[PDB]
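Read the structure below first, then the notes.
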Amino acid sequence: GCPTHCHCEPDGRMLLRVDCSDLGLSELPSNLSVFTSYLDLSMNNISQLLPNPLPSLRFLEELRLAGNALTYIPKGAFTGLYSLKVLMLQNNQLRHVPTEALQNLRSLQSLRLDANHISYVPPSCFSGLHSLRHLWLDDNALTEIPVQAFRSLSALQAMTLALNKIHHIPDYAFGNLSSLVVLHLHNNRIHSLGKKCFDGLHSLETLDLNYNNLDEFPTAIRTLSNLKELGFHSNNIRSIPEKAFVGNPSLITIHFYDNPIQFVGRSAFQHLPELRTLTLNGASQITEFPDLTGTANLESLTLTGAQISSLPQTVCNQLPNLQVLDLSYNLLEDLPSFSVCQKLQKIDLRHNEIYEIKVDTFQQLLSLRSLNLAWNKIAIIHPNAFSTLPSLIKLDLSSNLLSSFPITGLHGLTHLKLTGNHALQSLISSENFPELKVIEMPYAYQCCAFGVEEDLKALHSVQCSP
Amino acid sequence: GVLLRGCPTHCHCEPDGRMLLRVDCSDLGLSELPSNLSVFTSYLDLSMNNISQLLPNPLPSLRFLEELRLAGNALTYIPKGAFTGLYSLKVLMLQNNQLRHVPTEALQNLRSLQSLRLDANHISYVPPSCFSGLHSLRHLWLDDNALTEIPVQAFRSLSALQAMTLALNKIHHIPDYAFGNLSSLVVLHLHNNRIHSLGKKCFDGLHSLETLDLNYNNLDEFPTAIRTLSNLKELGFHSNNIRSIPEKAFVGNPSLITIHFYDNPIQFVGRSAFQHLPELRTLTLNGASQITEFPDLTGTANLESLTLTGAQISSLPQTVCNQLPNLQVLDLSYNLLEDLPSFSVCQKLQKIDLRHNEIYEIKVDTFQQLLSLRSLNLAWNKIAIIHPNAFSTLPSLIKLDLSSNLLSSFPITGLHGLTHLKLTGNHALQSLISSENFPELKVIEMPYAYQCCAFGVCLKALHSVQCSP
Amino acid sequence: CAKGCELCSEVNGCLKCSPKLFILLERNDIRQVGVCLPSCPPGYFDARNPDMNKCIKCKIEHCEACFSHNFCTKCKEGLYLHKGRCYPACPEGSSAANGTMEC
Amino acid sequence: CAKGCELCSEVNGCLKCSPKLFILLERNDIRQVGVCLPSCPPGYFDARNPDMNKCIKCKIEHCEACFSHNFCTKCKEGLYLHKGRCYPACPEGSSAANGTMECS
Ligand SMILES: *[C@@H]1O[C@H](CO)[C@@H](O[C@@H]2O[C@H](CO)[C@@H](O)[C@H](O)[C@H]2NC(C)=O)[C@H](O)[C@H]1NC(C)=O
Ligand SMILES: *[C@@H]1O[C@H](CO)[C@@H](O[C@@H]2O[C@H](CO)[C@@H](O)[C@H](O)[C@H]2NC(C)=O)[C@H](O)[C@H]1NC(C)=O
Ligand SMILES: *[C@@H]1O[C@H](CO)[C@@H](O[C@@H]2O[C@H](CO)[C@@H](O)[C@H](O)[C@H]2NC(C)=O)[C@H](O)[C@H]1NC(C)=O
Ligand SMILES: *[C@@H]1O[C@H](CO)[C@@H](O)[C@H](O)[C@H]1NC(C)=O
Ligand SMILES: *[C@@H]1O[C@H](CO)[C@@H](O)[C@H](O)[C@H]1NC(C)=O
């Protein structure tokens, strides 16, 4: 009972799954047997659907209509299909949602209308879709949000309105969609939003506002008390306000890069015990270290391009579980102990104004891997400063006006960088330093201390550079 | 053995320019010299021989002696006529002893002496003209001693001198005309002292001076006394405490070749400061926070390397490279550059570093005709658009760093054969790329791993290729 | 060239797909081959960007089809599907399983 | 350890010399060995710093002994010595060669 040139196979017994994709059809066949629970019509150059279509397939659970050139759909085209759980209509040429054709399909769960040329969503053309939980309106020509059409979708759980031309979100725009968990609005043109434009969705866990034209921080975020994952990167925001993310504990990932940020309130990242990573580059106006009360589960902290002059002496009380710390490009002179910040593996304090490295300044960091103190003004390093660092393998002390050098500890790293220390004239031996494979020395004669047409063989052992 | 001196016991000896005999009586743990030292001695090395007195019975009468060594011998003073008999002495060595002052007379009148070593002692006082009658002295070593002032008067009797070092001492001041008579002087070393102050005319004497070492000292301001040294070739005042280089600082010193002022807490440099030095090779300037405009380099076109970082330069003149041909390295990292000039005139450029700036666009002519260019770094910038033919005429290009930027695309025209490519930080850069277009690539860093993958990474004599998400 | 593919190379398969197709990269060990589908096969989710449309592997625990990262769409039969994420129990808020497992 | 050497290692020879000795680095092909002399052998000049006293090879063409880099002190016999650097000609400023070749 399966059409010609199509491939077909049984379902959960009896019912028959049909694949009539890219055969370059003109119209469907009526040769379609009933008992069809799956119909794939795709890329088959279909214009009309049709003068003589076929509902009467009360077993159809999933129909695909991708790649077929349509513009509109007959109001009773899907009437006979009561068991339709998933409909696919992407990559066509609809200039508006079918004015009726789609209302009342109580079994429909997943509806795809992406990659069309739609610019208008008729008020409640989705009426009576009480089982719809997935809506795709990607790559379309929308200009505003279908607030009214959405009002009839309290069933929705996942929606995308990405790659459109939406430029504003009015208050309660998604107001009745309280079952919604995932909202994607990326790659639009949103320049303005209301104080209460996300007030509806109580269940929302992730929110994508990326690649848009926002000029200010979305304060409408505050009502999203169960938000877990937030993105508004690649916008035009200029600052993050004090207590910005107070309304959203249990947040896990926040994403605001490619944003011309200048200042961030030190309170902004308070009370997010679920946050893992924080990154902040080029924040020129930041003068002090952020308060991280109620957020101890940070694994990574990077804050660069600012004017931080000093760190609290108890900075590492809120930073256990921290694994990388990057405070490059700041104005630090005096450093704290960092010992309490165990589980630390990478430290980057380059381009700062540190002048001294004491005994306790990096002691008891058994997991430390990479330490960079390059481009600083470090004149004195206590000889036993690196004594208790078993895991240390990479060390950058370039450009630092050093005159001597500690051999206690670090007795087997692998990357060593000392160029720029002119007073560093001292000599060193290869023993002390097994596992060294990359070195850079202020003077060549020091490099020499490490050894530095037919066949030939490279036998690469070790490097050095004057 | 047709002719064999005539040399003391346990010492080694060998002939000179015929007959005259060179003697090595160094480290024998001697106590005093022996007699029977034959004449015809043109070289006598007594060194590390733990001698106290020189002597109850010394030995002049060695009128053929060309060079005496007395290093490592524990001395305190020298008899006034110890060197009288030595008429042909051209070099005397007295370093590594314990003189607490220069022999008040013992060195006076030695008309043949050319080289005098008095370093590594504990001398702190130079008797007024203990150098009297030394019209052939051209090399003086007073290193590693305890001087506190310049022996002005004693130096006044040294118009013959050509090279002098007063390094590793405690001199903290140089008064005007301190070296006033040393007009034959070519090389002056004053490094590792404590010079905190010097006069406007402390170097007015030496007309012939070619190099000047003021390193590792305590200068708080720029030595303007330099102004009269019109024959200066090489200047060092690094590791001091200078905070700025004034406008027209090195005006008085054309034919300067190398200048050294690193490890100096510099803040500002006058834009004229480096004018009219056609012979300069390298210029380097880091952490000059207060510099807002590009230095003027009129009459200085022979720069081979130029680096100026850590400043507030907002923009470059459209004509920067008219003063900068022959440039090979350009490092203008850590500034506020947004708009870039053409660089075309800056040929022979081999490496360029413009990272951490605020550049937003790389136009067509921004790197045209740079045939010697190898490495180009534009990392940590805000480059969104790159003109498709921007890299079209760069035959030697092999390293390119575009990390941390605002790219979405990339020019494949030109550059179809580098070896280092760095694109991480470009988030919109989601496009795929092929192995073809890019042979010779061995090091890559990609915004997304699946792109790295297109180059295999999750004879063969070159090695294996790299990539990183 | 190939089917729905506007740029190919035998070394890498398809590199650029048709204006509105998804690129699928298949890891056949040490190699990666790209194809051009209109939907992504079970295990992957459809992702549309202005520059590139990729099928993306759905690293969600015990799941079959999914809407995106961190949101599953038809969890494994034998486990409960509650609002995107799938777990064995599930609310107890206003749900619990009935006939089919759709909390 | 060794002679006049306050820190040694068989692999590299001496690493730090006595308070007032010079370290001479000998390039015995792909390897480097340091010794401690009180004067640097012909071809090298004595260099004094607070941290380290180095013997420095005198990279001046056609020269024998030298005061430092860029200033020669006893030029190659057969060549003339005018103000540090050596020439075939030489000033003609107020010099020229006389009896011995030391461009007055
Ligand atoms: C591609 O789609 C077009 C519709 O635009 C099809 O055109 C019809 O073709 C039939 C013959 O198969 C004609 O009788 C109709 O008059 C055509 N209608 C229109 C509106 O053009 C076309 O057949 C399809 N071609 C392929 C190769 O699939
Ligand atoms: C928006 O959500 C739905 C409409 O989709 C409304 O829920 C109805 O609530 C009544 C009782 O309160 C139930 O009997 C209906 O079955 C529900 N309908 C659906 C489709 O779930 C809800 O009232 C609306 N909320 C507001 C504020 O208008
Ligand atoms: C140093 O003493 C030696 C003594 O040996 C003198 O050398 C010769 O000594 C032999 C006997 O050993 C005599 O036959 C020779 O006549 C000596 N030669 C001369 C030239 O006198 C040597 O002269 C003494 N030199 C000095 C400077 O006192
Ligand atoms: C000089 O050296 C000898 C051994 O060479 C030693 O016995 C003597 O004590 C030293 N002189 C002094 C002042 O100790
Ligand atoms: C330098 O000192 C000598 C003393 O020997 C004197 O004759 C000469 O005139 C002095 N030169 C100058 C320029 O004063």
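Virtual Cβ from ideal backbone geometry, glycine too; neighbours counted across all protein chains shown. Coordinate-derived values only; no laboratory data.
Using unit Cβ charges (K, R positive; D, E negative) and no other charged atoms, how large, in debye to the nearest 20, is the dipole of chain A about its Cα centre?
In debye, rounded to 20, chain A gives about 1060.
Once you put a point 7 Å from the Cα of B:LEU371 and another 7 Å from the Cα of A:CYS8, both along the Cβ direction, what distance in nm separates them?
Going from the B:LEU371 label point to the A:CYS8 one covers 7.2 nm.
Collect residues whose amide H, placed 1.01 Å from N in the peptide plane, falls under 5 Å from the amide H of C:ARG85; neighbours closer than 5 in sequence don't count.
Answer set, sorted by chain and number: C:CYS72.
Once you order the gyration tensor axes a ≥ b ≥ c over the Cα atoms, which shape class does chain C get: rounded for a/c under 1.5, otherwise prolate or oblate by comparing a/b with b/c?
Prolate.
Out of all DSSP beta bridges in the protein assembly as shown, what portion is antiparallel? Express it as a percent rounded to 5.
30 percent
May I ask you to evaluate 6.51 cos²θ - 1.76 cosθ + 1.60, the Karplus curve with θ = phi - 60°, for each residue of the range B:19-34 and list the ³J(HN,Hα) values in order in whole Hz, giving x for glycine and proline?
6, 2, 10, 9, 10, 10, 10, 5, 2, 10, x, 4, 10, 9, 5, x
For B:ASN241, enumerate residues with amide H under 5 Å from its amide H, sequence gap 5+ or separate chain, H modeled in the peptide plane.
B:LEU219
With no other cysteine's Cβ closer than 4.7 Å, which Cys residues of chain A count as lacking a disulfide-compatible partner?
A:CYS125, A:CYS197, A:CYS448 - these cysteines have no disulfide-compatible partner (Cβ-Cβ under 4.7 Å) in chain A.
Could you pull out the pairs from A:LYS196/B:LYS382; A:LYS243/C:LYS83; A:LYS437/B:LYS348; A:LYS346/A:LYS437; A:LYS228/C:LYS59; B:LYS351/B:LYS442 whose alpha carbons sit more than 26 Å apart here?
Listed pairs above 26 Å: A:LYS196/B:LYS382; A:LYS243/C:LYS83; A:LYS437/B:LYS348.
Please compute the modelled spin-label separation between A:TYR82 and A:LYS195, points set 7 Å along Cα→Cβ, answer in nm with one decimal.
5.0 nm
Once you order the gyration tensor axes a ≥ b ≥ c over the Cα atoms, which shape class does chain B get: rounded for a/c under 1.5, otherwise prolate or oblate by comparing a/b with b/c?
Taking the square roots of the gyration eigenvalues as a ≥ b ≥ c, chain B is prolate.
Assuming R0 = 51 Å, what is the FRET efficiency of B:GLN466 and A:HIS168, from their Cβ-Cβ distance, to the nearest 0.05?
Computed FRET efficiency for B:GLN466 and A:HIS168 comes out at 0.65.
Once you keep just the Cα pairs under 8 angstrom separated by 6 or more residues, what percentage relative contact order results for chain C?
14 percent
Can you give the FRET efficiency for A:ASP360 and A:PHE263, using 1/(1 + (r/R0)^6), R0 = 41 Å, r = Cβ-Cβ distance, to the nearest 0.05?
Efficiency computed from Cβ-Cβ geometry: 0.80.
Relative contact order for the range A:1-452 using alpha-carbon pairs under 8 Å, separation at least 6, rounded to a whole percent?
5 percent
In whole angstrom, how far apart do the alpha carbon centroids of the range D:51-79 and the range A:406-466 sit?
29 Å
Under a cut-off of 19 Å between alpha-carbon atoms, report the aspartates and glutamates in cross-link reach of A:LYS343, not counting same-chain residues fewer than 8 places apart.
Counting by Cα, and skipping residues close in sequence, A:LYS343 has these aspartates and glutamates nearby: A:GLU274, A:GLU299, A:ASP326, A:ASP360.
Using a basic spin-label model with each label point 7 Å from the Cα along Cα→Cβ, how many nm lie between B:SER344 and B:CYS458?
With each label placed 7 Å out from Cα toward Cβ, I get 4.7 nm.
For the range A:50-116, what relative contact order do you get, as a whole percent, if you take Cα pairs closer than 8 Å and at least 6 residues apart?
It rounds to 35 percent for the range A:50-116.
Work out Dmax and Rg for the protein assembly as shown from the C-alpha atoms and quote the Rg first, both in angstrom.
For the protein assembly as shown, the Cα radius of gyration and maximum Cα-Cα distance read 40.5, 136 Å.
Could you tell me which of rounded, prolate or oblate describes the range A:300-450, using a ≥ b ≥ c as the square roots of the eigenvalues of the alpha-carbon gyration tensor, with rounded for a/c under 1.5 and, failing that, prolate when a/b is larger than b/c and oblate otherwise?
Taking the square roots of the gyration eigenvalues as a ≥ b ≥ c, the range A:300-450 is prolate.
5 Å is the cut-off here: which amide hydrogens, built 1.01 Å from N in the peptide plane, fall below it relative to D:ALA65, excluding neighbours closer than 5 in sequence?
For D:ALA65, the qualifying residues are D:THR73, D:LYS74.
Which whole-Hz ³J(HN,Hα) couplings does the range A:244-259 yield from phi under the Karplus relation 6.51 cos²θ - 1.76 cosθ + 1.60, θ = phi - 60°, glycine and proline marked x?
So the J values, rounded to whole Hz, are 4, 9, 5, x, 10, x, 6, 5, 10, 10, 10, 9, 9, 6, 6, 10.
Among all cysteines in chain B, which have no other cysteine Cβ under 4.7 Å from their own Cβ?
Lone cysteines by the Cβ rule: B:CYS130, B:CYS202, B:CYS453, B:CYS458.
When the Cα centres of the range A:10-31 and the range B:335-399 are compared, how far apart do they sit, in Å?
57 Å
Taking the range B:383-454, which GluC sites (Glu not before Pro) meet the DSSP loop condition and have no more than 12 other C-beta atoms within 10 Å?
For GluC sites (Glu not before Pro) across the range B:383-454 that sit outside H, G, I, E and B with at most 12 neighbouring Cβ atoms in 10 Å, the list reads B:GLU436, B:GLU440.
When the Cα centres of the range B:56-131 and the range B:169-220 are compared, how far apart do they sit, in Å?
The range B:56-131 and the range B:169-220 have Cα centres separated by 25 Å.
Roughly what % of DSSP beta bridges within the range A:1-452 run antiparallel, to the nearest 5?
Approximately 5 percent, going by the DSSP bridge assignments.
Just to verify a number: FRET efficiency for B:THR413 and B:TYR125, C-beta to C-beta distance, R0 = 45 Å, to 0.05?
With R0 = 45 Å, the Cβ-Cβ based efficiency is 0.05.
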